[PDB]
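Chemist: Quick one: the structure is below, questions incoming.
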Amino acid sequence: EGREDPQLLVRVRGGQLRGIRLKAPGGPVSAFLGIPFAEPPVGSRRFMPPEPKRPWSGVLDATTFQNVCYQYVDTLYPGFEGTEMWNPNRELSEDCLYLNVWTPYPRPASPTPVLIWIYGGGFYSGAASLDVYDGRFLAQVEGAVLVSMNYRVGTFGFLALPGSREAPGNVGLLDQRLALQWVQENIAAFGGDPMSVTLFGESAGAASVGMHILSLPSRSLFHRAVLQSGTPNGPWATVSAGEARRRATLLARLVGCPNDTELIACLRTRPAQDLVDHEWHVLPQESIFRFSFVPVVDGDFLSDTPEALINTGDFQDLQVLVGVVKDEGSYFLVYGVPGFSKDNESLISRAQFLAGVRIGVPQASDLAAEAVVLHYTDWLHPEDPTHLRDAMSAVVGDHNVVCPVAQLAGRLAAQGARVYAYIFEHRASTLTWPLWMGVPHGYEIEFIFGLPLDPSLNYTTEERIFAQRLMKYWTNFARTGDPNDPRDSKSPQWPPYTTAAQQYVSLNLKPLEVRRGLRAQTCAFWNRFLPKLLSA
Amino acid sequence: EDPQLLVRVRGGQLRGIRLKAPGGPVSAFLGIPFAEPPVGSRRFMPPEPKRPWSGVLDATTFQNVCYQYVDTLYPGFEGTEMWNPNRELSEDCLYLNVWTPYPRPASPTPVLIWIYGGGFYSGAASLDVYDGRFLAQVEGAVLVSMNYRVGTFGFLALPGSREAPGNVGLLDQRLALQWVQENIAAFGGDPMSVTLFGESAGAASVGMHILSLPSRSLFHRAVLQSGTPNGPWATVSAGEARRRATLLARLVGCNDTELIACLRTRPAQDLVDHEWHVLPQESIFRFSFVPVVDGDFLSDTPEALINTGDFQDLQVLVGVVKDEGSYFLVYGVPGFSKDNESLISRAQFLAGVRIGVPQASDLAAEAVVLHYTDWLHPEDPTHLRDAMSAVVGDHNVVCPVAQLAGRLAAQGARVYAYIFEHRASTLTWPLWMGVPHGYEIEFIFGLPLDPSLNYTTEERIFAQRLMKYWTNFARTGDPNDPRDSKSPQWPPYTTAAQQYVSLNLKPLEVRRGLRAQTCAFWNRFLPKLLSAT
Ligand SMILES: *[C@@H]1O[C@H](CO)[C@@H](O)[C@H](O)[C@H]1NC(C)=O
Ligand SMILES: *[C@@H]1O[C@H](CO)[C@@H](O)[C@H](O)[C@H]1NC(C)=O
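Heads up: the protein sequence lines correspond to chains A and B, in order. Residues 1 to 258, 265 to 542 (PDB author numbering) make up the first sequence, in order. Residues 4 to 257, 265 to 543 (PDB author numbering) make up the second sequence, in order.
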C-alpha cells in the first residue's frame, strides 16, 4: 500500500481487504464486495455444510461482485426487463459463498446498526449482486451498514437425504448462518454494531429469516427481523424429511445415479448443469408456487415444523416487521396457468379458473378445490372473465403469502412478540409488467433500497419522497424495533399488530393509513377450515 | 233480510254477515263447510266433499280451529298469543271463509286464497292478522281462507297404507281450492283468476301445489312469503314419516291397519301430548309431522321437482323478512330470551349451531361457525347473537327461497322477489329480534288501516302500497301498477341479474343478489360436504 485510499483498507478475521469508493446521489459510500466467508463448497464438499474460509495472504481485492451460486436461469421472456432484472448478473459457479458490505464514507465514528439482506428466488435462484439490492443508498442516506450474502440454492443448497452425513439438508441456510457469524466477528471493523443486527429479506429470503427466528443457534446472531412477502410457515417454504428424500432419490435417478453414501457420491460426479437441468422435474404435481429443493424439517436446524414452532415458541424478546404487496399472486400465473400472459389481458373462463385452482392449490382434493372455487367465485357474476382473472390471482396470493403472513403475525403477537404489519400498495411508474398484474411481489424492494433516489432511473419525484419514507421506516425499525420516527409525532403513527385489533398500515404515496384485519374472513378459510377439510 | 248476504253454492244456501271496514261495508261468509268432518274413522284420511244441506246455513261466524298444539312459552304475551287459536279446538274443522266487497262485485273479481302457516303443526284461518275485510273493501278483492288439518291429524303418515297415506292436510287445501273453482263465481269471484298466497308453512304449501299436477288446474298465480317446499323442514321422506308415526303410536300405546285403528281410538290431546317427542335430534325449526314425499301428491322430492319442472305460464311472488331466524332462538337455543339482550358467548354460539343445523356433522358445523364468525370481532356477544339468528334464518328460509327463485326463473317462470324490512311500531318482541318472521302479514292484510290498532300514519300509507303490490300481482301477475308512471319499477328476479326489492317505508329500492355468497355456501357447498361427511 501507500498510494491507495487509506479509507478503503480494512482487516477481517481472514485477512486484509481492499474496498471501493462508490458514488451515491448524495455522496460517496464504501463498498466491500465479494468477501469470501466460506471454503468454496465444491467437489467433495457439494451438499455439505459450509466450513469457515481459511485466512488468505496479502490484500484481497473486494471491489467487484463475486460469482453467483449455480442456478436455473429464467428464459420465459427473453430480453424483457421484468424478468431479466432478477437473472444472475455474474458468472454461475459452485464457488459462490461471498458476501458484500456497504458503509458510510468515511466509515462511521460510533458503532452503527447493521442491516443484513437475504435475497429470495424460491430457494432455487437469486444473487446478492442484483441491482435492486444495491446497498449504497441505505448506507449513504441513512448511514446504515448493509450486508448481503450469497447462499447456495437449488439442489446445491437444499437437496437432502435426511439422516445422512453427506447430504444433511438445509446447507443453504447454514451458509446464511455462517455469514451471520461472520458479521458478529467482523462487522465492527467496518464500524458496524454487532449488538444491533436486523435481518430482512423478501419471499424465500423472508422465509429464510423466519427459519433463523425458529432455529436456536441462529438466535444469538441477530436482534430484529423483517419479513417481506414470505414466511417459514405455509405450503411452499418447507418439506418433510420423507418428501425431501423422495425428491433427492428421484433427481439422482434422472441423472443416472441409482446406501445414501454411494448415491450422494455419484451425484457429486455430476456436472452442476446436469443437476439444474432436472431440478424442476421432481415435483409431485403440476403446480405453481412450488419449488423442488427447499428447507427440510430435519429435526436439527428445524426441530419441528414451522407451524408447530410458531404455535408454541416463546417470542417475548422479538421485534418483527412483516408485510405483503397488494397483488402477491399475479406474477406466478403467467408461469404455469393456461390463459395467462403478460402480453394480453388474461381474461379467463370459468373452466380455466377451475383448472387454475387445481394447479395453484396442488395438494387439494376435489372437495377442497371446490371449497376454494366457491369461496372465490363472485356469485353475482360467476362468469365475468375479469373477476375470474383477479380471483385466480387472489387464490394463489392468499394461499401462499398473505394468509401464511396473517397467521405468522397472529401467532407471534399472541406469544409476546412486538409485530408491525403493512401492505404495500404502490405500483412503480417504471414497471414493465402489464397493468392487470397490479403490484406484483418483489416490486417494493427497489423502494426500500432507495433506488428512486438515483436520478438516472426515471422514477417520479413523488416516488423519490416515498422511497425515503420507506428507508426511514426500515432503518428506524433496525435501530429501535419501532418504524415510527421519534422526533416526529405530527405524522400518523404505525401501531403494532395485535391479535385483538389486528392493525396494519397501507404503504403508498399517501400518508400512513391504519387498517384492521389482514384478509381476516378469507384467511380464516385457508388457516382454519381448509386444514380440517383436507383431514377427510 | 239482506240479499247481499244470501248466496247459493252447490251445497245449498248461505247467510253471511255485513262487516264494518274503515272505508265501507264488506260481505263476510265465515265457517263454510267444504268437507265432511274428518272425525272418527275419517281421521288421517283424505277429505271427502261436504254433503248438501237443507235450509239456510248460517255463515256469520268463524268455525272451530283444527286440533293442534297450543303454545304456552309466554302465557298472556301478545307476540305469542296472537298466533294461538282464537276459537275452540276440534277435529271437526274443515271450514273456509270468504270476504267480498259490499255490494257483491258486478264483474268477476280476481280471487286471493290465503293458506296460513304454523309449522304444519298449528294455525287457523280465523286469526285477526288474517282478516280479509281490508283487501276486500280497499282493493275490491275476493278473499278466501281455509282451515286445514295440522300436526298428526293432517300429516301423520304410514306411506303405502290405505288409512294413513299422508299429506291429507294438503288434500284439505286442494279440496278448498276445488270448492273455489266450483263456487266462487256465486260470490262475484273470477275462478279463472286465482292467486294463492301463504306464509311460512303456508308458503311451503303453496309451493307443493305448484309441484303437484292435480293442484295446477286450480290456480293461476302464487305468492310465497318466507317459506318454500324445498329446504330442510318442509318435507320428510317416506321412511322417516313411517318412523315417526310408529314412534308416536308406541308412545301412546299402539301391521298398518291395526296400528292406525288403535290410533283412531285415541283422544285428540293424547296425540298432541307426544307429537313433539318423535324428532330424531334436539333441534329448532324442525317439525314432527309435515308433508311426505309419497310419490303421489309429491311424485319426488321438491328439489328434484323444481330442478326438472317446466314453469312457463307461471308467475310467482316470493320473499323473506329481514330477520327470519330471530324468532326461534328463544324456543330452543340456550342463552336466548325475549326478556333480555341475549348476548351469547362463543361457546353458546357453537352449541346453537348444532341445534340450528341438527343434521350437520362436526365438520359441517365447523364450516358454518367459521363462515358466520366475524373474524375481526370473533368473540363479540352482539355479533355472535346476530350471527346465530342469521344461521337459522339463512339455512331454513332465505337460501331455500333463493334456490327456489333461481330454479323457477331459470325454467321459464316469471318471478318477483322482495325483502321486507320495516319493523312494526306495535311489535312486542324485543329490539334485537329485528323484523321477525310473520310480521309482514299484518301489513299485507292491511290491518294498519284500522285506526284503533294505533299504527302510525306512515305505516298506513305503507300497508296501502303492499296491498296494491299483492292485488296487482293477483290481477295481472305483475306487482307494478299499470297506471302509475313514476319510478322505480319492481323488476323480475332473474338468474343473471338476481334483482329483488326492499319493502320498507322508503320507496322501492332495487338490490342485486339475495345473500348470494352465503347461499352458495348453503346451497352448493354444504350438500357436497354432508355427503362426503
Ligand atoms: C393470452 O395469450 C396466451 C398465449 O399468448 C393465450 O394462451 C391466452 O389464451 C391469451 N388470453 C387471452 C384472454 O387472449
Ligand atoms: C430515462 O428517460 C430518458 C428520456 O430522455 C431516456 O433517454 C433514458 O434512456 C431513460 N432511462 C431509463 C433507465 O429509463
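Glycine is no exception: its CB is placed at the ideal position from the N, C-alpha and C atoms.
How many Å lie between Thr528 (chain A) and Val402 (chain A) at the Cα?
Modeler: On the first sequence, residue 528 (chain A) is found 522 positions in, with the first residue counted as 1. On the first sequence, residue 402 (chain A) is found 396 positions in, with the first residue counted as 1. So the alpha carbons of these two residues sit roughly 13 Å apart.
Chemist: Is it true that the segment 375 to 384 of chain B meets the segment 302 to 312 of chain B, where meeting means three or more beta-carbon pairs spaced less than 8 Å apart?
Modeler: No, the segment 375 to 384 of chain B is not in contact with the segment 302 to 312 of chain B.
Chemist: Is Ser336 (chain A) near ligand 1, judged by its Cβ being under 7 Å from some heavy atom?
Modeler: As a working mapping, residue 336 (chain A) is identified with position 330 in the first sequence. Because no heavy atom of ligand 1 lies under 7 Å away, the Cβ of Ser336 (chain A) does not count as near it: no.
Chemist: Taking the straight line between their C-alpha atoms, what separation do you get for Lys516 (chain B) and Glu334 (chain B)?
Modeler: One-based indexing of the second sequence puts residue 516 (chain B) at position 506. One-based indexing of the second sequence puts residue 334 (chain B) at position 324. Those two C-alpha atoms are separated by around 21 Å.
Chemist: Take every Cβ of the segment 316 to 331 of chain A, pair it with every Cβ of the segment 206 to 224 of chain A, and state whether three or more of those distances are shorter than 8 Å.
Modeler: These segments touch.
Chemist: Are the CB atoms of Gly169 (chain A) and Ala160 (chain A) within a distance shorter than 8 Å?
Modeler: Stepping through the first sequence from its first residue, residue 160 (chain A) is reached at position 160. Stepping through the first sequence from its first residue, residue 169 (chain A) is reached at position 169. In this structure, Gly169 (chain A) lies closer than 8 Å to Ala160 (chain A) by Cβ.
Chemist: Please confirm whether any heavy atom of ligand 2 lies closer than 7 Å to the CB of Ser462 (chain A).
Modeler: On the first sequence, residue 462 (chain A) is found 456 positions in, with the first residue counted as 1. Within the cutoff, so yes.
Chemist: Provide the residue span of the alpha helix (DSSP H) that contains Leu524 (chain A), from first to last.
Modeler: One-based indexing of the first sequence puts residue 524 (chain A) at position 518. Run containing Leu524 (chain A): none; DSSP gives neither H nor E here.
Chemist: Along the segment 489 to 514 of chain B, what residues have a CB closer than 8 Å to any CB found in chain A?
Modeler: Hits within the stretch, in order: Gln508.
Chemist: Sorted by chain position, which residues of the same chain lie with C-beta nearer than 8 Å to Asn87 (chain A)'s C-beta, five sequence neighbours on each side aside?
Modeler: Stepping through the first sequence from its first residue, residue 87 (chain A) is reached at position 87. Contacts found: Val73 and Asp74.
Chemist: Please decide whether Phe359 (chain A) counts as near chain B, where near means a Cβ-Cβ distance under 8 Å.
Modeler: As a position in the first sequence, residue 359 (chain A) is number 353, starting the count at 1. Output row for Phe359 (chain A): interface = no.
Chemist: Got a sec? Which residues, its chain only, sit under 7 Å from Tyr428 (chain A) by beta carbon, not counting five neighbours each side?
Modeler: Here residue 428 (chain A) corresponds to residue number 422 of the first sequence, with the count starting at 1. So the list reads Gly329, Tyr510, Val511 and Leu513, once near-sequence residues are dropped.
Chemist: May I ask you to report which of helix, strand or coil DSSP gives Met85 (chain A)?
Modeler: The residue you call residue 85 (chain A) lines up with position 85 of the first sequence. Looking at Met85 (chain A) - three-state DSSP - the assignment turns out to be coil, as it is neither helix nor strand.
Chemist: Any Cβ of chain A within less than 8 Å of the Cβ of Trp385 (chain B)?
Modeler: The count along the second sequence starts at 1 and reaches residue 385 (chain B) at position 375. At least one chain A Cβ lies under 8 Å of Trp385 (chain B).
Chemist: Kindly give me the distance between the Cβ atoms of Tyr105 (chain A) and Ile35 (chain A), rounded to whole angstroms, as I take these residues to be in contact under 8 Å.
Modeler: Against the first sequence, residue 105 (chain A) aligns to sequence position 105. Against the first sequence, residue 35 (chain A) aligns to sequence position 35. Not really, about 17 Å apart at Cβ, beyond 8 Å.
Chemist: Quick check on this structure: which residue in A:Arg356, A:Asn350 and A:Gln369 has the alpha carbon closest to the alpha carbon of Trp236 (chain A)?
Modeler: Within the first sequence, numbered from 1, the residue matching residue 236 (chain A) stands at position 236. The residue with the shortest Cα to Cα distance from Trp236 (chain A) is A:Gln369.
Chemist: Starting from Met195 (chain B) and walking both ways along the beta strand (DSSP E), at which residues does that stretch end?
Modeler: Counted from its first residue, the second sequence places residue 195 (chain B) at position 192. Start and end: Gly192 to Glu202.
Chemist: Could you tell me which residues DSSP pairs with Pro40 (chain A) in its beta bridges?
Modeler: Position 40 of the first sequence, counted from the start, is the residue given in the question as residue 40 (chain A). Answer by DSSP bridge pairing: none, since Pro40 (chain A) is not bridged.
Chemist: Does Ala484 (chain A) get closer than 8 Å to chain B when you measure Cβ to Cβ?
Modeler: Looking up residue 484 (chain A) in the first sequence gives position 478. Not closer than 8 Å to any Cβ of chain B, the Cβ of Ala484 (chain A) fails to qualify, so no.
Chemist: Mind checking which residues open and close the alpha helix (DSSP H) that includes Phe158 (chain B)?
Modeler: Residue numbering aside, residue 158 (chain B) sits at position 155 when the second sequence is read from its first letter. From DSSP, the alpha helix (DSSP H) with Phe158 (chain B) extends over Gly154 to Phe158.
Chemist: Taking buried to mean at least 16 other C-beta atoms within 10 Å of its own C-beta, is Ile471 (chain A) buried or exposed?
Modeler: Taking the first residue of the first sequence as position 1, residue 471 (chain A) is located at position 465. That one is exposed.
Chemist: Comparing C-alpha positions only, which one of B:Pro78, B:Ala473, B:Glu468 and B:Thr467 sits nearest to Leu457 (chain B)?
Modeler: For the purposes of this step, residue 457 (chain B) is taken as the residue at position 447 of the second sequence. If we check each option's Cα against that of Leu457 (chain B), B:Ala473 comes out closest.
Chemist: Would you tell me roughly how many angstroms separate the C-alpha atoms of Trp532 (chain B) and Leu540 (chain B), rounded to the nearest one?
Modeler: Numbered from its first residue, the second sequence carries residue 532 (chain B) at position 522. Numbered from its first residue, the second sequence carries residue 540 (chain B) at position 530. Cα to Cα, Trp532 (chain B) sits roughly 11 Å from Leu540 (chain B).
Chemist: With a threshold of 16 other CB atoms inside 10 Å of the CB of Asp175 (chain B), please say whether the residue is buried or exposed.
Modeler: Taking the second sequence and counting its residues from 1, the one referred to as residue 175 (chain B) is at position 172. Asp175 (chain B) is buried by the Cβ-count criterion.
Chemist: With which residues is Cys69 (chain B) paired in a DSSP beta bridge?
Modeler: As a first step, residue 69 (chain B) must be located in the second sequence, where it is residue number 66. According to DSSP, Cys69 (chain B) bridges with B:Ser93.
Chemist: Residue ranges of each alpha helix (DSSP H) run of no fewer than 4 residues wholly in the segment 409 to 467 of chain A, ordered along the chain?
Modeler: Runs found: 409 to 420 and 451 to 454.
Chemist: Give the secondary structure of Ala24 (chain A) by DSSP, where H, G and I count as helix, E and B as strand, and everything else as coil.
Modeler: Position 24 of the first sequence holds residue 24 (chain A). Strand at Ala24 (chain A).
Chemist: Sorry if obvious, but does the Cβ on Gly79 (chain A) come closer than 7 Å to a heavy atom of ligand 1?
Modeler: As a position in the first sequence, residue 79 (chain A) is number 79, starting the count at 1. False, no ligand heavy atom lies under 7 Å from that Cβ.
Chemist: Looking at C-alpha atoms only, which residue of B:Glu431, B:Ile354 and B:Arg274 is the closest neighbour of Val255 (chain B)?
Modeler: Taking the second sequence and counting its residues from 1, one reaches residue 255 (chain B) at position 252. Comparing Cα positions, the closest option is B:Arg274.
Chemist: Rounded to a whole number of angstroms, what is the C-alpha to C-alpha distance between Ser208 (chain A) and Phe453 (chain A)?
Modeler: One-based indexing of the first sequence puts residue 208 (chain A) at position 208. One-based indexing of the first sequence puts residue 453 (chain A) at position 447. Approximately 21 Å between the Cα atoms of the pair.
Chemist: Closer than 7 Å to a non-hydrogen atom of ligand 1 - does that hold for the CB of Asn350 (chain A)?
Modeler: Numbered from 1 along the first sequence, position 344 holds the residue referred to as residue 350 (chain A). For ligand 1, at least one heavy atom lies less than 7 Å from the Cβ of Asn350 (chain A).
Chemist: Tell whether a beta-carbon distance below 8 Å holds between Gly487 (chain A) and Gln325 (chain A).
Modeler: Counting from one through the first sequence, the residue named residue 487 (chain A) turns up at place 481. Counting from one through the first sequence, the residue named residue 325 (chain A) turns up at place 319. It is a contact, given that the beta carbons lie within the stated cut-off.
Chemist: Looking at the unbroken alpha helix (DSSP H) that takes in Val183 (chain B), where does it start and where does it end?
Modeler: Taking the second sequence and counting its residues from 1, the one referred to as residue 183 (chain B) is at position 180. Element bounds for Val183 (chain B): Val171 to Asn186.
Chemist: Within its chain, find whatever has a CB closer than 6 Å to the CB of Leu22 (chain A); leave out the 5 residues flanking it on each side and keep chain order.
Modeler: Within the first sequence, the letter at position 22 stands for residue 22 (chain A). If we look at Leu22 (chain A) and ignore the five residues flanking it on each side, its Cβ neighbours are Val29, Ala31 and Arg136.
Chemist: So which residues on chain B does residue 260 (chain A) lean against when the C-beta distance must stay under 8 Å?
Modeler: A break in chain A separates 258 from 265, and the residue in question, residue 260 (chain A), sits inside that break with no coordinates.
Chemist: Is any beta-carbon of chain A found at less than 8 Å from that of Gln176 (chain B)?
Modeler: As a first step, residue 176 (chain B) must be located in the second sequence, where it is residue number 173. Chain A, which has no Cβ nearer than 8 Å to the Cβ of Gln176 (chain B), makes this no.
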